[PDB]
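Undergrad: Build me a structure from this.
(7 chains, ligands or ions: 77)
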Amino acid sequence: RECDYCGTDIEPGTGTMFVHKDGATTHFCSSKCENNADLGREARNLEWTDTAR
Amino acid sequence: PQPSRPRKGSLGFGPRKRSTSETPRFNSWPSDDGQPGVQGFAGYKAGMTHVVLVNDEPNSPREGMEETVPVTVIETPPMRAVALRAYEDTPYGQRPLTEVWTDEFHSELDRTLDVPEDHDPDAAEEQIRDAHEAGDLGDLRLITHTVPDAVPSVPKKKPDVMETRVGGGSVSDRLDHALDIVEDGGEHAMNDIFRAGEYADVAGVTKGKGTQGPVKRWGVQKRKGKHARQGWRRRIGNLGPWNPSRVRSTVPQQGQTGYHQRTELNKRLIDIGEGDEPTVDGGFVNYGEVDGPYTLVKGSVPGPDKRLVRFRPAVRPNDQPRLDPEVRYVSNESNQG
Amino acid sequence: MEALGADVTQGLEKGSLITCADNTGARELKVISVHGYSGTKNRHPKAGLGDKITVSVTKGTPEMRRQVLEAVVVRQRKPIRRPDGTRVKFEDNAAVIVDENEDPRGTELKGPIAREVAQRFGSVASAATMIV
RNA sequence: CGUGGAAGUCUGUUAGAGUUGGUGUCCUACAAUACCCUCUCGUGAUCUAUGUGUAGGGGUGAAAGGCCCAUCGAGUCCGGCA
RNA sequence: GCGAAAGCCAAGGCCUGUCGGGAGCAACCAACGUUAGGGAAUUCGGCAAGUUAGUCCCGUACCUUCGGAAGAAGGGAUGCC
RNA sequence: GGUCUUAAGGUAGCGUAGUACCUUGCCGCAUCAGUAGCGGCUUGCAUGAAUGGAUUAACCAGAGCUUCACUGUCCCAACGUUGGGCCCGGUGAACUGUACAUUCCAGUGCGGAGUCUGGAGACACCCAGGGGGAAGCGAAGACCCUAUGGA
RNA sequence: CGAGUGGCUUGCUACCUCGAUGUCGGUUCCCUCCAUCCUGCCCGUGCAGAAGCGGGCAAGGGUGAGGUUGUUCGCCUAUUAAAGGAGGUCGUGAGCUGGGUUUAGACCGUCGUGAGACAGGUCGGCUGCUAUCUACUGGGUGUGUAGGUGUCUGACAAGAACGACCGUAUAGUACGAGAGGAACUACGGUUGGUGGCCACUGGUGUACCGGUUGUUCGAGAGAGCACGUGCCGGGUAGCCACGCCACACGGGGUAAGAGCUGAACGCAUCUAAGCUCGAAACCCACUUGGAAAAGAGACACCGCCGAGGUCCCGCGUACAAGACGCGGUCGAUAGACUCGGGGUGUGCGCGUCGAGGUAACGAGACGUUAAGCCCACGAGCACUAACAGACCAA
Ligand SMILES: COC(=O)C[C@](O)(CCCC(C)(C)O)C(=O)O[C@@H]1C(OC)=C[C@]23CCCN2CCc2cc4c(cc2[C@H]13)OCO4
Ligand SMILES: [Cl-]
Ligand SMILES: [Cl-]
Ligand SMILES: [K+]
Ligand SMILES: [Mg+2]
Ligand SMILES: [Mg+2]
Ligand SMILES: [Mg+2]
Ligand SMILES: [Mg+2]
Ligand SMILES: [Mg+2]
Ligand SMILES: [Mg+2]
Ligand SMILES: [Mg+2]
Ligand SMILES: [Mg+2]
Ligand SMILES: [Mg+2]
Ligand SMILES: [Mg+2]
Ligand SMILES: [Mg+2]
Ligand SMILES: [Mg+2]
Ligand SMILES: [Mg+2]
Ligand SMILES: [Mg+2]
Ligand SMILES: [Mg+2]
Ligand SMILES: [Mg+2]
Ligand SMILES: [Mg+2]
Ligand SMILES: [Mg+2]
Ligand SMILES: [Mg+2]
Ligand SMILES: [Mg+2]
Ligand SMILES: [Mg+2]
Ligand code: NA
Ligand code: NA
Ligand code: NA
Ligand code: NA
Ligand code: NA
Ligand code: NA
Ligand code: NA
Ligand code: NA
Ligand code: NA
Ligand code: NA
Ligand code: NA
Ligand code: NA
Ligand code: NA
Ligand code: NA
Ligand code: NA
Ligand code: NA
Ligand code: NA
Ligand SMILES: [Sr+2]
Ligand SMILES: [Sr+2]
Ligand SMILES: [Sr+2]
Ligand SMILES: [Sr+2]
Ligand SMILES: [Sr+2]
Ligand SMILES: [Sr+2]
Ligand SMILES: [Sr+2]
Ligand SMILES: [Sr+2]
Ligand SMILES: [Sr+2]
Ligand SMILES: [Sr+2]
Ligand SMILES: [Sr+2]
Ligand SMILES: [Sr+2]
Ligand SMILES: [Sr+2]
Ligand SMILES: [Sr+2]
Ligand SMILES: [Sr+2]
Ligand SMILES: [Sr+2]
Ligand SMILES: [Sr+2]
Ligand SMILES: [Sr+2]
Ligand SMILES: [Sr+2]
Ligand SMILES: [Sr+2]
Ligand SMILES: [Sr+2]
Ligand SMILES: [Sr+2]
Ligand SMILES: [Sr+2]
Ligand SMILES: [Sr+2]
Ligand SMILES: [Sr+2]
Ligand SMILES: [Sr+2]
Ligand SMILES: [Sr+2]
Ligand SMILES: [Sr+2]
Ligand SMILES: [Sr+2]
Ligand SMILES: [Sr+2]
Ligand SMILES: [Sr+2]
Ligand SMILES: [Sr+2]
Ligand SMILES: [Sr+2]
Ligand SMILES: [Sr+2]
Ligand SMILES: [Sr+2]
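TA: Residues are numbered from 1 along each chain as shown, chains lettered A, B, ... in the order given. Ligands and ions are numbered 1, 2, ... in the order given. Pasting the structure now:
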């Protein structure tokens, strides 16, 4: 699988899946990505992220 | 009428003091069933990783599916069974009779023992056989040591010596099986005793925490509410009633916590291999890199990284052996991050 | 009960105010008790995803309000562990009102459900719009 | 609408005065009444320095038997008195 | 900055609110920071802690001795160039 | 009862009250559940008119209750920060002490014993700890009675 | 109606303490009792089944959360297998709390001429001490057994290390007209307890990196202070729980009970001798401690002029002192360096753009730059430091 935020490959047997109000599903690879998302930041704007580079 | 509540902590792991030997000592051994064999082995704790595995359990609704299982990596290099000790049945229990040693010894065994220069392996063997004829022979155990030199992450070279029982067939056939292992040079591997998928009992001397209070050591409550601000936070209510006018040893008190011997029952051996397949990127934290004979134990194992853990075939298994589990994936991801 | 197929860290307690994920007329539910549970001294009785709980209706229609009904915990904020190691958490804490035979009191269910709840309570599944 | 700027008026760790809770700290104390935070008043029946007056069954008291030099339901000292 | 407020800094003063050295420095204690999910279930009692907060705009109930209630409540704004 | 004591015989109001014994009074509100709180009723053990009654805007470090918000008060505890604590140099008290004293379980005894009796246990010394016991230390009991005591 | 047991209630007595044995309730922590609430095994039934009622053995484990009330008690709610009762100075203030009783202030009602009173109500109203002995939890030093290293034995000791529930198959089956509706057994899970561990999720993380407010160092750069991080965002290692792993079956002997054989008493009889069974209870099994077990233990090797140990040195798998463990050049023990593995989030400077502005000036944007900075982990690497050397000892 791939992280719906940064874009790196989520190591199997790791990570969290956040289920939104409408039913949408967001797989995260780490807490760092979850926290950046909660801050309202979009992955495209952060240079360390694979979705950006 | 004041609610009931189970006591704080168990009274069966006492006295909660520092262990005499850092090398664990089994107090029980498996029953004599099929073919003769050494009833144990030993390794050195490396660290932890996870494994994706295929469900072996026939009674599970998930039989055949991918399941993530936590695993403790333990480096298990070949050990040397340097002698055969024999016990005799005396009216005062089992007392050691004689020992049958070797000629071939490891270069750095002299760091622990006063290595034998002059011994008679035949007179010793004769004394043991005269005892078997008399019907006085108890059990047959092997004096065994580890080769920490084979493990680059463990600083020590000084071998950890421990006694291990040989059980199985008849007392005549296991005497012969024991003498064969010894007379060669004593070299045996994890494979000789264990097969992946079997249940083992891991014994180890826990992580030392020095002195800790009742809350950590016995799991007692902290002072609650208003009582927490008065000058008492982590101290118990009282040391006992007015009568008996003494403090009972059963009351939760401060002292040594950790560095105790524990024998963790029914641990599944996920895989026994050789190489660098379970090693973590950047190396196991506070340990190092694994590239040699290893064992993957399901879940946790007592003691810190670098500590000597002991293995023994489960004396009380609950489940039937489901041999050689299919390992789909082993994580090599850095333990830092 | 039947195994969930997931390890749950109970995110709710007795007295917790949760959402009512249905069209029964009940908007907010308050947890009173948890079916089959027995705690220990000083411990607040804990409820989590997949538990059958007893609730009181805090907010809603005059007829539904104040009623002591049984419910099933469908969604929770605190993570649960799936067999593949992955954690699954929700946006809110929610429950669906149920009857004596475990059939939903309402007709339509609002928001998603966890697949483990669906397998345990079948008639709640065959009413679920989204199953994650 | 503006002007005016009243008030035992309001906010306020301005100065200054006071002392609600923590039943915190201390409790052979830093201290025979202390420390910290919190809290109240702060243009008035306000607070304060100095000088001055009222003296013991007497003063003084917005009154608690409060206070009158760590002493008060009758100060202190010495005497009566062994 | 409203300010004899905070915080920071001059002038001036001081290192004398006058015993030091050592141990990632344990238990325990005093002061205190941060704690997932739940959110007063704690307790005689929200005690303790926390929440709110400056300024401008909008807007503001019952009651009332018409003075007040009232900063009711609630909502929005706020930097730099 | 349909007057009598002793002059009158409780009027407006308020009322289960900071006054109500019975009492958690009865009904209602609110809560899953409310000896609480508020409203109503109210025969008030033993309310009531400057011994002032009722009522009341505003004010309050005054007593009780409810809601929103908030949170380590709690579930249930964790990790961290500073000063101690611990070891070393220097300085250097006090409380307390009939004697003996390694105690424990029972018993006995002025009936609540480390010291008596019977057993059990017990090699000596030292370090740290939280305070079970010494009916621990501190104060010739402020309660109670007594004194041909005091004020 | 009669006979008793207990010592939880109440009453009685006045033996003990008035040169003081701190009063209720609560809390916290430990042990116990059985007259047993649940759980195990049983007997009876107005025992079809299911669900009950009553009784017996049995104290292993459990017996929980909440609303009013200071309450104990009790009433009430929802859960539960059940939400039993009692003793330990009505266990527990040199542990806590201080809501009630019961000081000094005040109010109300009643009583009193009055001061003032009340086994009436109400608001307010303080919690001392540096542990000598003993006791226990853990830690050391000596001596005894009588040179050393390593491995063991097991007298004794501790444990609840396990308790309980739900679900599925059995089975819509046995039973019953129907309604309704089991069990043996095999499985999956949950809960409480217990021990351990950190790959995973989570917390912390005043290591670290970044953003940013005020002020000071002229600006810039780069920094100090704002409580022991100014605040905000992220967060490695470690430590942790809210995370994860593990915690039988079976034997043996019994209780209540069900029986066999069997006599006294030709019969009968579970009992008198004998025997087969039979509880979550007892013993074993399992875990932990344990040569100071004074019968003070066993084995193997080394050594008595030398085995081994201590000091010393570099360090932690250890640690409050002490202790413990490892390494010491025949070396990777620690540091430096370089990689690897990680944290943060794109450095200074320069170039282009930039709303505008005559210009000066200019917040900011892009590139250089997966940049810069940083790391409590790993590897490589003898460069630096584990050197020199001392002592005890049959
Ligand atoms: C009426 O109650 C009191 O007076 C309590 C007290 O005053 C407490 C004194 C505490 C001190 C000052 C000695 O620390 C007192 O002296 O009690 C005595 C007292 O003080 C030592 C102890 C007494 C004597 C017999 C045991 N008992 C224990 C405490 C107590 C408690 C009481 C009691 C008497 C006692 C006595 O009346 C009912 O409640
Ligand atoms: Cl407490
Ligand atoms: Cl409940
Ligand atoms: K007394
Ligand atoms: Mg990690
Ligand atoms: Mg990760
Ligand atoms: Mg409680
Ligand atoms: Mg004057
Ligand atoms: Mg929280
Ligand atoms: Mg409570
Ligand atoms: Mg407060
Ligand atoms: Mg009322
Ligand atoms: Mg009149
Ligand atoms: Mg006296
Ligand atoms: Mg008196
Ligand atoms: Mg007089
Ligand atoms: Mg005492
Ligand atoms: Mg009985
Ligand atoms: Mg018991
Ligand atoms: Mg008591
Ligand atoms: Mg006490
Ligand atoms: Mg006290
Ligand atoms: Mg004290
Ligand atoms: Mg009161
Ligand atoms: Mg009072
Ligand atoms: Na204190
Ligand atoms: Na006491
Ligand atoms: Na005017
Ligand atoms: Na003050
Ligand atoms: Na005032
Ligand atoms: Na006088
Ligand atoms: Na009157
Ligand atoms: Na805190
Ligand atoms: Na004590
Ligand atoms: Na009796
Ligand atoms: Na008490
Ligand atoms: Na029992
Ligand atoms: Na109650
Ligand atoms: Na007492
Ligand atoms: Na006290
Ligand atoms: Na008490
Ligand atoms: Na048996
Ligand atoms: Sr052994
Ligand atoms: Sr043993
Ligand atoms: Sr206190
Ligand atoms: Sr006693
Ligand atoms: Sr004023
Ligand atoms: Sr007070
Ligand atoms: Sr102080
Ligand atoms: Sr004081
Ligand atoms: Sr405080
Ligand atoms: Sr003011
Ligand atoms: Sr005189
Ligand atoms: Sr200066
Ligand atoms: Sr000096
Ligand atoms: Sr943080
Ligand atoms: Sr409350
Ligand atoms: Sr409450
Ligand atoms: Sr606003
Ligand atoms: Sr009337
Ligand atoms: Sr102490
Ligand atoms: Sr006195
Ligand atoms: Sr009995
Ligand atoms: Sr029963
Ligand atoms: Sr009582
Ligand atoms: Sr009652
Ligand atoms: Sr008790
Ligand atoms: Sr009362
Ligand atoms: Sr009274
Ligand atoms: Sr009081
Ligand atoms: Sr001797
Ligand atoms: Sr069934
Ligand atoms: Sr049916
Ligand atoms: Sr600072
Ligand atoms: Sr702020
Ligand atoms: Sr029998
Ligand atoms: Sr010995």
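
Undergrad: CA atoms for contacts and neighbours, from now on please.
TA: Will do.

Undergrad: show me what contacts residue 30?
TA: If you meant another chain, say so; for now it's chain A. A:15, A:16 (Cα atoms under 8 Å, 6 or more residues apart in numbering or on different chains).

Undergrad: nope, chain C
TA: C:14, C:15, C:16, C:17, C:18, C:55, C:56, C:57, C:58.

Undergrad: what is it paired to in the beta sheet?
TA: Note on residue C:30: beta-bridge partners by DSSP bridges are residue C:17, residue C:56.

Undergrad: could you say what helices and strands the longest helix seen in chain C packs with?
TA: In chain C, assigned by DSSP state H, the helix with the most residues is helix C:115-120. Using 3 or more Cα pairs under 8 Å, 6 or more residues apart in numbering or on different chains; DSSP states H and E as the contact criterion, the elements in contact with helix C:115-120 are helix C:122-125.

Undergrad: Would you show me how to pick out the buried ones of the contacts of residue C:30 in ChimeraX?
TA: Here is the ChimeraX command that selects the buried residues among the contacts of residue C:30 (16 or more other Cα atoms under 10 Å in any protein chain shown):
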select /C:14,15,17,18,55,56,57,58
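
Undergrad: Can you tell me what sits against the longest helix of chain C?
TA: The contact list for helix C:115-120 (Cα under 8 Å, 6+ apart) reads C:2-6, C:49-50, C:73-74, C:124-125, C:131-132.

Undergrad: from those residues, which ones fall inside strands?
TA: Using DSSP state E, the subset of the contacts of helix C:115-120 located in strands is C:73, C:74.

Undergrad: Please list which of the contacts of helix C:115-120 also come close to chain A.
TA: Contacts with chain A within the contacts of helix C:115-120, as defined by Cα under 8 Å from any Cα of the partner chain: residue C:132.

Undergrad: Chain B: which of the contacts of helix C:115-120 is nearest?
TA: Chain B lies nearest to residue C:5 out of those, by Cα to the nearest Cα, at 8.9 Å.

Undergrad: ok, now which ones touch the closest one?
TA: Residues near residue C:5 by Cα under 8 Å, 6+ apart: C:82, C:83, C:116.

Undergrad: Now for residue B:219: which residues touch it?
TA: Residue B:219 neighbours (Cα under 8 Å, 6+ apart): B:8, B:9.

Undergrad: quick revisit: put the alpha carbons of the longest helix of chain C into CSV.
TA: Provided in CSV are the C-alpha atoms of helix C:115-120 (Å, rounded to 0.1, in the frame of the first residue of the first chain):
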residue,chain,number,x,y,z
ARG,C,115,-16.7,-4.4,9.2
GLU,C,116,-16.3,-6.2,12.5
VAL,C,117,-19.6,-4.8,13.9
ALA,C,118,-21.3,-5.8,10.7
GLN,C,119,-20.2,-9.5,11.1
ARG,C,120,-21.3,-9.7,14.8
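
Undergrad: Quick one: distance of it to the chain centre.
TA: Distance of helix C:115-120 from the chain centroid (Cα atoms, centre = their mean, to the nearest Å) equals 11 Å.

Undergrad: With stretch A:9-23 instead?
TA: Distance, centroid of stretch A:9-23 to centroid of chain: 8 Å (Cα atoms, centre = their mean).

Undergrad: before we move on, what about stretch B:38-51?
TA: For stretch B:38-51, the separation from the chain centroid amounts to 9 Å (computed by Cα atoms, centre = their mean).

Undergrad: Same question for stretch A:11-30.
TA: Distance of stretch A:11-30 from the chain centroid (Cα atoms, centre = their mean) equals 8 Å.

Undergrad: Show me which residues of that stretch are buried.
TA: For stretch A:11-30, a neighbour-count test (16+ other Cα under 10 Å) marks A:12, A:13, A:15, A:16, A:17, A:18, A:19, A:23, A:27, A:28, A:29, A:30 as buried.

Undergrad: any chance of the residues you listed in TSV, plus distance to residue B:20?
TA: Listed next are the buried residues of stretch A:11-30 as TSV, based on distance: Cα to Cα, whole Å:
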residue	distance to residue B:20
A:12	42
A:13	39
A:15	42
A:16	44
A:17	48
A:18	50
A:19	53
A:23	59
A:27	50
A:28	48
A:29	45
A:30	43
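
Undergrad: Closest to residue B:73 out of these?
TA: Minimum distance to residue B:73 across the buried residues of stretch A:11-30 is 16.8 Å, recorded for residue A:13 (Cα to Cα).

Undergrad: Hmm, residue B:68 and that closest one touching each other?
TA: Yes. Using Cα atoms under 8 Å, residue A:13 makes contact with residue B:68 at a distance of 5.8 Å.

Undergrad: got any residues that touch both of those two?
TA: Shared contacts of residue A:13 and residue B:68, defined by Cα under 8 Å, 6+ apart, are found at B:50, B:52, C:84, C:85.

Undergrad: show me the residues around the most centrally placed residue in chain C that make contact.
TA: Against the mean C-alpha coordinate of chain C, by Cα atoms, centre = their mean, the closest residue is residue C:73 at 1.0 Å. Listed by Cα under 8 Å, 6+ apart, the contact set of residue C:73 reads C:47, C:48, C:49, C:50, C:51, C:52, C:53, C:93, C:94, C:95, C:96, C:117.

Undergrad: Most distant residue from the centre of chain A?
TA: residue A:22 (17.8 Å).

Undergrad: measure that one to residue B:60 for me?
TA: Going from residue A:22 to residue B:60 by Cα to Cα, to the nearest Å gives 33 Å.

Undergrad: Walking through chain A, point out its strands one by one.
TA: A:16-19, A:25-28.

Undergrad: So for chain C, which of those strands sits nearest?
TA: Of all the strands of chain A, strand A:16-19 sits nearest to chain C, with 4.5 Å by Cα to the nearest Cα.

Undergrad: That closest one pairs with which strands, and in what direction?
TA: Strand A:16-19 has the following strand partners under DSSP bridges: strand A:25-28 (antiparallel), strand C:87-90 (parallel).

Undergrad: The last one and RNA strand E, any residue contact?
TA: Put plainly, it is strand C:87-90. No. If you take Cα under 7 Å from any atom of the strand as the test, strand C:87-90 misses RNA strand E, and the best it gets is 9.0 Å.

Undergrad: Mind listing residues that contact that strand?
TA: Contacts for strand C:87-90 (Cα under 8 Å, 6+ apart): A:14-21, C:75-82.

Undergrad: Repeat the analysis, applying 7 Å as the threshold.
TA: With contacts defined as Cα atoms under 7 Å, 6 or more residues apart in numbering or on different chains, strand C:87-90 is touched by A:15-20, C:75-81.

Undergrad: which residues does the nearest residue to residue A:4 once chain neighbours are set aside form a beta bridge with?
TA: Ranked by Cα to Cα, 6 or more residues apart in numbering or on different chains and with sequence neighbours excluded, the top spatial neighbour of residue A:4 is residue A:27, at 5.4 Å. For residue A:27, the beta-bridge partners under DSSP bridges are residue A:17.
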